[PDB]
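Colleague: Sharing a structure with you now.
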Amino acid sequence: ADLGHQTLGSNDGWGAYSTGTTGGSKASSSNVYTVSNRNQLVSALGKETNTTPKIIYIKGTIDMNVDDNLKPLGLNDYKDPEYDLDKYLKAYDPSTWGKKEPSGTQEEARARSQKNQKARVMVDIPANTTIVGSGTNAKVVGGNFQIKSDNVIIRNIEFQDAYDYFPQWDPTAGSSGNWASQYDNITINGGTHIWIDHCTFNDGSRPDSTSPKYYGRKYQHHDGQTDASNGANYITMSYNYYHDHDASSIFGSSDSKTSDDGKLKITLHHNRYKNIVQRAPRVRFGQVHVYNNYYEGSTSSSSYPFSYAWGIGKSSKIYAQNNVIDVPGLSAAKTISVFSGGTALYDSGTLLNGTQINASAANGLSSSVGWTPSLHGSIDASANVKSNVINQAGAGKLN
Ligand SMILES: O=C(O)[C@H]1O[C@H](O[C@@H]2[C@H](O)[C@@H](O)[C@@H](O[C@@H]3[C@H](O)[C@@H](O)[C@@H](O[C@@H]4[C@H](O)[C@@H](O)[C@@H](O[C@@H]5[C@H](O)[C@@H](O)[C@@H](O[C@@H]6[C@H](O)[C@@H](O)[C@@H](O)O[C@@H]6C(=O)O)O[C@@H]5C(=O)O)O[C@@H]4C(=O)O)O[C@@H]3C(=O)O)O[C@@H]2C(=O)O)[C@H](O)[C@@H](O)[C@H]1O
Ligand SMILES: [Co+2]
């Protein structure tokens, strides 16, 4: 079968659990579409009620920052009449505003401005849908796919530069405040039975090094690459190439969201993370199988310096098997970051710079996470992960 019609293999990660992930493979003839611009994409997706099996082939580059006639839209097209960058910055300067949350005229105008862009760039993917790139050059630029539904497959697409023209200042985020944006490439918000495979995720032409710092902090126009929230469950992400981007994948968005416990069952395998700073993934609560992924970066890079690969968050149940990390000078301990409530990590076969290590033990964590994945394909020896993943991961590697 072609990529439009294949389904997730019955053993291929948590996505294969229960009813599995077949997307739109059974689409009838009038529910197969080929799309090459936002209008055609939006028409094919339709609304939440469009749950019949459907297959959507993306042909070429689809820019999501465009109007209904496909004219490109930028900052001045989205700006609320009352929003102004220089006045926003003057209003919320910690020097005069202090550390309270921004509120009042400019913040309200900024919020409305951001909703103006969201209406163009964010689209929901309805149940029983397969979306795949045709050829080696299918691209989604500036878009944020959101998946709240069940049974969805996304493959062979290069997602670039989910860019927010209106980052919000938050003085209380982190030790010194941070600017925050809204758009991921893909957000799984309660979505279930999802396969993301052979896609590429990067920051396109606007990497973070082209953004200035305001109040000493990077004016961050990006957010995540593939994030999962709000009881998202039964998901396989395989053979994806994440590169040149700060925060990759947060699974479980909040310590208070205890309803995520027993959910966020996600398998990550054969993904490549190059020049990714952090959160690859950062997990709360979930049983997440992480195996045969390759991570490569430098702690001294000026653009996207490595901070950590796996985030051991509250009650996370990461099961790591035969992953390979190549970051010169990094210690075994610093391959991961442990956050409050994170106490356990199964860690087997990890190579760091060519040497076998145990990040879990080095961080004092419990060596068992109370589960063993049954749904997986073949396990590569760690010695072969780098080569297999560089050769095979990302869009345009099949076609
Ligand atoms: O269908 C819709 O479209 C839908 O849209 C709305 O709802 C969405 C969403 O579905 C809701 O659940 C909710 O989302 C809430 C929030 O608005 C959203 O941005 C989000 O984000 C998470 C956290 O809330 C963020 O603060 C943030 O946090 C991360 C870390 O998790 C956090 O620990 C911290 O990290 C620290 C330091 O601060 C950092 O500096 C760094 O060093 O690391 C450490 C660390 O890792 O611990 O801050 C970071 C960060 O800044 O990114 O990001 C989280 C994330 O997953 O991105 O989740 C919120 C929530 O779960 O409540 O609201 C959304 C919204 O759009 O408003 C509509 O409201 C709804 O009607 C619906 O229609
Ligand atoms: Co996100």
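To be explicit about the labels: the chains of the structure tokens are called A, B, and onward in the order shown, and within each one the residues are counted from 1, while ligands get numbers from 1 in the order they are shown.
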Name the residues in contact with segment 236-251 of chain A at a cut-off of 8 Å, using only C-alpha atoms, excluding same-chain residues fewer than 2 positions from it; report them as a compact mmCIF listing (two decimals) with N, CA, C and O atoms, in the first residue's frame.

Modeller:
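Written file, part01.txt:
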# COMPACT_ATOMS: atom_id res chain seq x y z
N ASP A 12 3.46 -1.91 16.45
CA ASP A 12 4.33 -0.75 16.38
C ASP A 12 3.97 0.31 17.43
O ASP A 12 3.37 1.34 17.10
N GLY A 13 4.31 0.03 18.67
CA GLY A 13 4.22 1.03 19.78
C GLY A 13 2.82 1.22 20.34
O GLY A 13 1.84 0.55 19.94
N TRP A 14 2.69 2.14 21.29
CA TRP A 14 1.40 2.31 21.96
C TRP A 14 0.26 2.70 21.03
O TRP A 14 -0.93 2.52 21.36
N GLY A 15 0.59 3.29 19.89
CA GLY A 15 -0.46 3.62 18.92
C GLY A 15 -1.24 2.40 18.44
O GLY A 15 -2.36 2.54 17.97
N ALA A 16 -0.63 1.22 18.52
CA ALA A 16 -1.24 -0.02 18.05
C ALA A 16 -2.19 -0.65 19.08
O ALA A 16 -2.87 -1.65 18.78
N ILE A 194 -2.72 7.71 17.51
CA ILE A 194 -2.07 8.64 16.56
C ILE A 194 -0.71 8.07 16.17
O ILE A 194 0.00 7.48 17.01
N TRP A 195 -0.36 8.17 14.88
CA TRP A 195 0.96 7.79 14.43
C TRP A 195 1.56 8.99 13.72
O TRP A 195 0.98 9.47 12.74
N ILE A 196 2.69 9.46 14.23
CA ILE A 196 3.47 10.50 13.54
C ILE A 196 4.77 9.85 13.06
O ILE A 196 5.55 9.34 13.89
N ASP A 197 4.99 9.76 11.74
CA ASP A 197 6.08 8.93 11.26
C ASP A 197 6.76 9.59 10.05
O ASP A 197 6.07 10.15 9.17
N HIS A 198 8.08 9.56 10.03
CA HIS A 198 8.85 10.08 8.89
C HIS A 198 8.49 11.53 8.57
O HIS A 198 8.38 11.90 7.43
N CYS A 199 8.28 12.34 9.60
CA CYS A 199 8.12 13.78 9.41
C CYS A 199 9.41 14.45 9.88
O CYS A 199 10.24 13.83 10.59
N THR A 200 9.58 15.70 9.48
CA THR A 200 10.71 16.51 9.92
C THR A 200 10.11 17.73 10.61
O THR A 200 9.08 18.24 10.16
N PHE A 201 10.76 18.19 11.68
CA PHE A 201 10.27 19.33 12.46
C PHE A 201 11.44 20.28 12.67
O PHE A 201 12.46 19.88 13.26
N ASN A 202 11.32 21.51 12.18
CA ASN A 202 12.43 22.46 12.40
C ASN A 202 11.92 23.88 12.43
O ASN A 202 10.72 24.11 12.35
N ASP A 203 12.81 24.86 12.56
CA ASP A 203 12.36 26.23 12.67
C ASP A 203 12.45 27.01 11.36
O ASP A 203 12.42 28.25 11.34
N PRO A 207 15.21 30.68 12.62
CA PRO A 207 15.71 30.04 13.83
C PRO A 207 15.79 31.05 14.95
O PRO A 207 15.83 32.26 14.69
N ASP A 208 15.88 30.56 16.19
CA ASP A 208 15.83 31.43 17.36
C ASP A 208 16.99 32.44 17.38
O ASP A 208 16.91 33.46 18.08
N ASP A 223 7.17 27.37 20.05
CA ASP A 223 6.87 26.63 21.25
C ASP A 223 7.37 25.21 21.00
O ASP A 223 8.58 24.99 20.76
N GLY A 224 6.48 24.24 21.01
CA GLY A 224 6.95 22.85 20.93
C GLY A 224 6.98 22.34 19.49
O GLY A 224 6.63 23.04 18.55
N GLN A 225 7.40 21.09 19.32
CA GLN A 225 7.35 20.43 18.01
C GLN A 225 6.19 19.43 18.01
O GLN A 225 5.21 19.58 17.24
N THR A 226 6.26 18.40 18.86
CA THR A 226 5.12 17.48 18.94
C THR A 226 4.78 17.36 20.42
O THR A 226 5.46 16.63 21.15
N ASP A 227 3.76 18.09 20.88
CA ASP A 227 3.41 18.06 22.32
C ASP A 227 2.13 17.25 22.52
O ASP A 227 1.36 17.03 21.55
N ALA A 228 1.92 16.73 23.73
CA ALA A 228 0.73 15.91 24.00
C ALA A 228 0.24 16.22 25.41
O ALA A 228 1.01 16.27 26.35
N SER A 229 -1.06 16.45 25.54
CA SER A 229 -1.71 17.10 26.67
C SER A 229 -3.06 16.46 26.91
O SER A 229 -3.61 15.77 26.01
N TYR A 234 -2.11 6.55 23.59
CA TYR A 234 -1.95 5.55 22.52
C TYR A 234 -1.40 6.16 21.24
O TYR A 234 -2.12 6.28 20.24
N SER A 253 1.09 18.33 30.49
CA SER A 253 1.36 19.74 30.50
C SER A 253 1.37 20.35 31.89
O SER A 253 1.76 21.51 32.03
N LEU A 264 -1.21 9.18 28.42
CA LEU A 264 0.10 9.61 27.85
C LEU A 264 0.98 8.41 27.57
O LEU A 264 2.17 8.46 27.73
N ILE A 266 2.83 6.58 25.17
CA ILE A 266 3.42 7.06 23.91
C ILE A 266 4.69 6.26 23.70
O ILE A 266 5.42 6.01 24.63
N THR A 267 4.93 5.85 22.46
CA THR A 267 6.20 5.21 22.11
C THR A 267 6.95 6.13 21.16
O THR A 267 6.40 6.56 20.14
N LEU A 268 8.20 6.42 21.48
CA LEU A 268 9.10 7.18 20.57
C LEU A 268 10.23 6.28 20.12
O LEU A 268 11.00 5.79 20.96
N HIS A 269 10.36 6.04 18.83
CA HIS A 269 11.46 5.19 18.39
C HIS A 269 12.03 5.62 17.04
O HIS A 269 11.30 6.08 16.20
N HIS A 270 13.36 5.48 16.89
CA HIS A 270 14.05 5.83 15.66
C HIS A 270 13.92 7.27 15.25
O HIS A 270 13.99 7.59 14.07
N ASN A 271 13.71 8.16 16.24
CA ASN A 271 13.72 9.59 15.96
C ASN A 271 15.14 10.17 16.12
O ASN A 271 15.93 9.68 16.90
N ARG A 272 15.41 11.22 15.36
CA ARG A 272 16.67 11.91 15.41
C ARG A 272 16.42 13.29 15.98
O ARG A 272 15.47 13.99 15.56
N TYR A 273 17.20 13.67 17.00
CA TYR A 273 17.09 14.99 17.57
C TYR A 273 18.47 15.63 17.39
O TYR A 273 19.40 15.22 18.08
N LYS A 274 18.61 16.57 16.44
CA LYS A 274 19.87 17.26 16.25
C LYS A 274 19.76 18.76 16.58
O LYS A 274 18.86 19.41 16.08
N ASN A 275 20.65 19.31 17.42
CA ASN A 275 20.55 20.71 17.83
C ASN A 275 19.15 21.01 18.41
O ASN A 275 18.52 21.99 18.08
N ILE A 276 18.71 20.14 19.31
CA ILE A 276 17.49 20.36 20.07
C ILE A 276 17.97 20.73 21.49
O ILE A 276 18.85 20.06 22.06
N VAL A 277 17.43 21.81 22.06
CA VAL A 277 17.91 22.23 23.37
C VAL A 277 17.46 21.33 24.53
O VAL A 277 18.28 20.93 25.36
N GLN A 278 16.15 21.07 24.58
CA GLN A 278 15.57 20.39 25.73
C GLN A 278 14.21 19.72 25.43
O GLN A 278 13.63 19.90 24.33
N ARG A 279 13.72 18.94 26.42
CA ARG A 279 12.39 18.33 26.38
C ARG A 279 12.28 17.37 25.20
O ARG A 279 11.55 17.63 24.23
N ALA A 280 12.96 16.24 25.29
CA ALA A 280 13.01 15.34 24.17
C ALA A 280 12.90 13.86 24.58
O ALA A 280 13.74 13.03 24.19
N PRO A 281 11.83 13.51 25.32
CA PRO A 281 10.74 14.41 25.68
C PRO A 281 10.81 14.76 27.16
O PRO A 281 11.52 14.11 27.93
N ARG A 282 10.02 15.75 27.57
CA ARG A 282 9.80 15.99 29.02
C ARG A 282 8.45 15.34 29.39
O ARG A 282 7.43 15.67 28.79
N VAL A 283 8.42 14.46 30.38
CA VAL A 283 7.22 13.66 30.66
C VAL A 283 6.74 13.89 32.08
O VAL A 283 7.55 13.96 33.01
N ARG A 284 5.42 14.01 32.21
CA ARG A 284 4.70 13.82 33.45
C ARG A 284 3.77 12.63 33.28
O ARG A 284 3.15 12.47 32.20
N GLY A 286 3.19 9.77 32.27
CA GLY A 286 2.95 8.70 31.28
C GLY A 286 3.94 7.55 31.23
O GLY A 286 5.14 7.72 31.54
N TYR A 304 21.52 26.63 19.29
CA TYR A 304 20.59 25.75 19.96
C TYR A 304 21.44 24.79 20.78
O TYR A 304 21.60 23.62 20.40
N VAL A 389 19.34 5.60 12.34
CA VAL A 389 18.49 6.78 12.49
C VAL A 389 18.88 7.92 11.53
O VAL A 389 18.02 8.50 10.82
N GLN A 392 17.55 6.91 8.08
CA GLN A 392 16.12 6.66 7.86
C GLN A 392 15.13 7.71 8.39
O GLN A 392 13.98 7.70 7.97
N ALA A 393 15.54 8.59 9.31
CA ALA A 393 14.58 9.45 10.01
C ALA A 393 14.31 10.72 9.21
O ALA A 393 15.24 11.33 8.63
N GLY A 394 13.03 11.11 9.17
CA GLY A 394 12.64 12.38 8.62
C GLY A 394 11.84 12.23 7.35
O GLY A 394 11.70 11.14 6.81
N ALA A 395 11.31 13.36 6.89
CA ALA A 395 10.56 13.43 5.65
C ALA A 395 11.51 13.23 4.47
O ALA A 395 12.72 13.51 4.57

Colleague: Give me the residues within 8 Å of residue 218 of chain A as a PyMOL selection string, counting only C-alpha atoms and dropping any in the same chain fewer than 3 places off.

Modeller: chain A and resi 178-179+208+211-214

Colleague: How would the residues just picked look written out with N, CA and C atoms as a short mmCIF file (atom, residue, chain, number, x, y, z; two decimals), in the first residue's frame?

Modeller:
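This went into result33.cif:
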data_model
loop_
_atom_site.label_atom_id
_atom_site.label_comp_id
_atom_site.auth_asym_id
_atom_site.auth_seq_id
_atom_site.Cartn_x
_atom_site.Cartn_y
_atom_site.Cartn_z
N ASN A 178 10.33 34.75 31.08
CA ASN A 178 10.55 34.20 29.75
C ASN A 178 9.44 34.70 28.87
N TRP A 179 9.72 34.77 27.58
CA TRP A 179 8.70 35.12 26.61
C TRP A 179 8.12 33.80 26.14
N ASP A 208 15.88 30.56 16.19
CA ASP A 208 15.83 31.43 17.36
C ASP A 208 16.99 32.44 17.38
N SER A 211 16.10 36.11 16.53
CA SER A 211 15.25 36.88 17.42
C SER A 211 16.11 37.69 18.41
N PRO A 212 15.77 38.97 18.63
CA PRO A 212 16.48 39.71 19.68
C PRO A 212 16.11 39.25 21.10
N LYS A 213 16.82 39.76 22.11
CA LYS A 213 16.45 39.57 23.52
C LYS A 213 15.80 40.86 24.01
N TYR A 214 14.70 40.73 24.75
CA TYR A 214 14.09 41.86 25.40
C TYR A 214 14.01 41.52 26.88
#

Colleague: Kindly give the distance, in Å, that separates atom CA of residue 399 of chain A and atom CA of residue 41 of chain A, rounded to a single decimal.

Modeller: 19.8 Å

Colleague: Within 10 Å of ligand 1 (counting only C-alpha atoms and all ligand atoms), which residues show up? I'd like them as a ChimeraX atom specification.

Modeller: /A:115,118,122-124,146-148,170,172-184,187-190,223-224,227-231,247,249-257,278-279,282-284,307,311-314,337-340

Colleague: Name all residues at most 7 Å from segment 317-328 of chain A (count only C-alpha atoms; drop same-chain ones fewer than 6 positions away) and give them as number ranges by chain.

Modeller: A: 285-298, 344-353, 369, 381-382, 385-386

Colleague: Which residues are near residue 62 of chain A? Cut-off 8 Å, only C-alpha atoms, ignore same chain within fewer than 2 positions. Put them as number ranges by chain.

Modeller: A: 36-38, 58, 60, 64, 138-141

Colleague: Would you mind telling me which residue in A:84, A:261, A:158, A:380 lies nearest to residue 142 of chain A when using only C-alpha atoms?

Modeller: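 Answer, going by the shortest atom-to-atom distance: A:158.
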
Colleague: Neighbouring residues of residue 56 of chain A were defined as those with any atom within 9 Å, considering only C-alpha atoms; residues of the same chain fewer than 4 positions away were excluded. Please report them as a PDB file with C-alpha atoms, in the first residue's frame.

Modeller:
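Saved the output as result28.pdb:
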ATOM      1  CA  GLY A   4      -1.761   7.328   2.169  1.00  0.00           C
ATOM      2  CA  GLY A  24      -8.146   7.073   6.829  1.00  0.00           C
ATOM      3  CA  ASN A  31     -12.773  11.107   0.598  1.00  0.00           C
ATOM      4  CA  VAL A  32      -9.303  11.091  -0.946  1.00  0.00           C
ATOM      5  CA  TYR A  33      -7.893  14.573  -1.536  1.00  0.00           C
ATOM      6  CA  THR A  34      -4.714  16.128  -2.888  1.00  0.00           C
ATOM      7  CA  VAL A  35      -4.024  19.573  -1.480  1.00  0.00           C
ATOM      8  CA  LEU A  41      -6.194  21.720   3.085  1.00  0.00           C
ATOM      9  CA  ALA A  44     -10.418  18.613   2.881  1.00  0.00           C
ATOM     10  CA  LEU A  45     -10.188  18.529   6.705  1.00  0.00           C
ATOM     11  CA  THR A 129      -7.693  10.763   8.933  1.00  0.00           C
ATOM     12  CA  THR A 130      -4.370  10.042   7.210  1.00  0.00           C
ATOM     13  CA  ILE A 131      -2.366  13.062   6.057  1.00  0.00           C
ATOM     14  CA  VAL A 132       0.870  12.328   4.171  1.00  0.00           C
ATOM     15  CA  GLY A 133       3.307  14.280   2.007  1.00  0.00           C
TER      16      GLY A 133
END

Colleague: Between atom CA of residue 205 of chain A and atom CA of residue 88 of chain A, what is the spacing in Å?

Modeller: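 Interatomic distance, atom CA of residue 88 of chain A to atom CA of residue 205 of chain A: 25.8 Å.
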
Colleague: How would you write, as a list in words, the set of residues in segment 182-217 of chain A that DSSP gives as strand (DSSP E or B)?

Modeller: residues 186, 187, 188, 189, 192, 193, 194, 195, 196, 197, 200, 201, 202, 213, 214 and 217 of chain A

Colleague: So, with only C-alpha atoms and all ligand atoms as the atoms that count, which of A:221, A:398, A:363, A:371 lies closest to ligand 2?

Modeller: A:221

Colleague: Return the single residue from A:95, A:156, A:372, A:185 that is closest to ligand 2, with distances computed using only C-alpha atoms and all ligand atoms.

Modeller: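 Closest residue, counting only C-alpha atoms and all ligand atoms: A:185.
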
Colleague: Using only C-alpha atoms, find the one residue out of A:99, A:163, A:262, A:107 that sits nearest to residue 215 of chain A.

Modeller: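 Answer, going by the shortest atom-to-atom distance: A:99.
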
Colleague: Work out how far atom CA of residue 222 of chain A is from atom CA of residue 65 of chain A, in Å to one decimal.

Modeller: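 Separating atom CA of residue 65 of chain A from atom CA of residue 222 of chain A is a distance of 14.6 Å.
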
Colleague: I'd like to know which of A:106, A:136, A:144, A:316 is closest to ligand 2, using only C-alpha atoms and all ligand atoms.

Modeller: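 The closest residue to ligand 2 is A:144.
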
Colleague: Calculated over only C-alpha atoms and all ligand atoms, which of the candidates A:336, A:162, A:111, A:1 has the smallest distance to ligand 2?

Modeller: A:162
